[PDB]
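As C-alpha cells, one chain now follows by itself in the form deposited without this ligand.
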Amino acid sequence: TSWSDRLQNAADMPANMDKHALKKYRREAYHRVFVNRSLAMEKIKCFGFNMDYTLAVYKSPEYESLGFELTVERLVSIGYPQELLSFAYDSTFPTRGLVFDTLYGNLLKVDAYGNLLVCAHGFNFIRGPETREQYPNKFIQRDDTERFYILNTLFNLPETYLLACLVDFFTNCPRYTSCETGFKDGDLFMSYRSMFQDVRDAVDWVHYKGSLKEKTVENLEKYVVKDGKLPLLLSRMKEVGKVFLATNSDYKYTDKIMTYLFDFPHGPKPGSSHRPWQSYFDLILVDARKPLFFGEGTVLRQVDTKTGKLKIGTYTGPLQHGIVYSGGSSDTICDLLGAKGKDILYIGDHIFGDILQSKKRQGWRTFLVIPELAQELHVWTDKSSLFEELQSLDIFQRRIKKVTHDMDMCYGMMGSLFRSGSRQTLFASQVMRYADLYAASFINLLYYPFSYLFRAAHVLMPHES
C-alpha cells in the first residue's frame, strides 16, 4: 500500500457535510490538519495553490517509475551503457530529502545541522566508523551547493534511486575502475559530479522536451489521483475568499490536468451542474518561475487560451474574468486580488520553492502538502511501540542502534521522511519552521469549519520554563 493508494481510497469517499460527522472525521490522524503555528482561518482572505503534487497528486509508484524509465532511456540515448535498461524503479529504496554528495558519490540523510544519519554508496549502507574516512566530523555543509544537491521534491524520487543504481552499476562492472571521486575507463574518467549532472539534465529533459507529460496525459487515471471532493472544497473556499492558482507548469499541460481533475458528471456537489475548472479560480497564473516569482519575478504575460501560446507583449491591463496570466511575481497576485501576505493561505508541496520563499520573502501563511504522510502516519501509529521503546532507552547502546534500524526499516531502506530513530531530519526541521499547517492532503481542510482556529502551543526558551 503506497501513500497514493491511501489518498485515492480517501478520495473515493463522498463528503458527508453534517457537522458532527466532520468533527469526528477530522479527529483521525489521516484526515487531520497538523499545526506548527496558530492560524485563524477567519483571517484568511485568499487561498492559493500550486498544481503539481498538490491539486494533481501523481500516483505512486507508477509515476516515479515512468519518470525513472524515461530518464534511463534518455541516458542510454546519449551514450550511457545498455545495462542501464535492466534497471527497474524500486519505491522501497528512496526517501525524499536525501543529499547527493557529488564528490564521493554518496546519498546522505542528514539532520537540520548537517549531521550524518545515513550514508549509502550505491546500495552499500556505510556504518558510522567507516563514514569518518570521508566525513571526519560526520557533518556536511549543506550550503555548499556546488558539492551537495538536496533531492527535496517528489519529482526527485526517481533520480534518487537512479543515482544509487548508477553508483552500484559502475562499482561492480569490471570495465571500470573505482576511484575516490568517480570511475576510470582507460582514458575516460567519469566523476560522480559529471554523472550527477548528466542525471539532472536527463530528468529536466524528460519533463520539458521528452515524453513524460505526453505519457501522463494519455493515461490520467493511471497517473493522477482524482477526488470529487476537490471542487467541493474549492467552491467552499470561494464562498469566503478568493482562490488562485500559481503553477510553474505551462498552460497546455495545466489545462489538460485540471480538466481531468474536474471531470465529474457534476459540479461542486453531486446533482449540481458541471463547471469548467477555470471558474473555480479568481486568478490563474502559469509559467510562474518560482522561487524567482517571490522576488522580482518575470514580466507579466497573458495566455491566449484558444491557442495555448503567449500573447505578444507585457500585459498591462486589470484583472478580467477569463484572463490567464503567465510569469509575473507574487506582487501581481497581491495587487490584483487586493491581498496582504498574511491574508493568503498558500498551499504547496515544495518545502523550498513554494513554502520557504513565500514565507521568508512575503510573509504568506503556508500549508504544506506532504503526500507520503498518508502512509507514514500508518507506519508511525502501527509501530509506536518501537519508538516508545526507543524513547525509554534514551532516557535510561547497541540496543538503541538495533531498535533504531528496525524502526527505520518499516519506512523503507532510507527510513522515515522525518527522522532516523530519535533524530529528526533536515526535512522535518524545515516543515516545522516554514509550514504553518501541514497534512497528507489539502482536502483535509474540508473537515474544519469556515472560521476554525488552528492552535499550536507557545514556544518557551529553556530559561523561561
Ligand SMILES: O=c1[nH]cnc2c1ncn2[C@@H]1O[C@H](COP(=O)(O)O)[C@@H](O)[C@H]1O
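Residue numbers run from 1 along the displayed sequence.
The same protein has a further form, the form solved in complex with this ligand, not shown here; the description that follows concerns it.
- No residue of the trio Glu239, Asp282 and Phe450 has any heavy atom within 4.5 Å of this ligand in the deposited complex.
- Under a 4.5 angstroms non-hydrogen atom cutoff, this ligand in the deposited complex lacks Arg275 among its neighbouring residues.
- Contact annotation: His121 falls outside 4.5 Å of this ligand in the deposited complex, judged by heavy atom distances.
- Interface residue remark: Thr425 is not counted as part of the site for this ligand in the deposited complex, having no heavy atom within 4.5 Å.
- Shown alone here, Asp204 lies within 4.5 Å of this ligand in the deposited complex, counting heavy atoms only.
- Proximity to this ligand in the deposited complex, defined as a heavy atom within 4.5 Å, singles out one entry of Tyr251, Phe155, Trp380, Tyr315, which is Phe155.
- Only one of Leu345, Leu163, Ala246, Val72 comes within 4.5 Å of this ligand in the deposited complex through a heavy atom, and that residue is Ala246.
- Shown alone, this chain has one stretch from 208-216, 265-273, 337-345, 303-311 that lies within 4.5 Å of this ligand in the deposited complex by heavy atoms: 208-216.
- Using a 4.5 Å cut-off on any heavy atom, the one residue of 184-202 that reaches this ligand in the deposited complex is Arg200.
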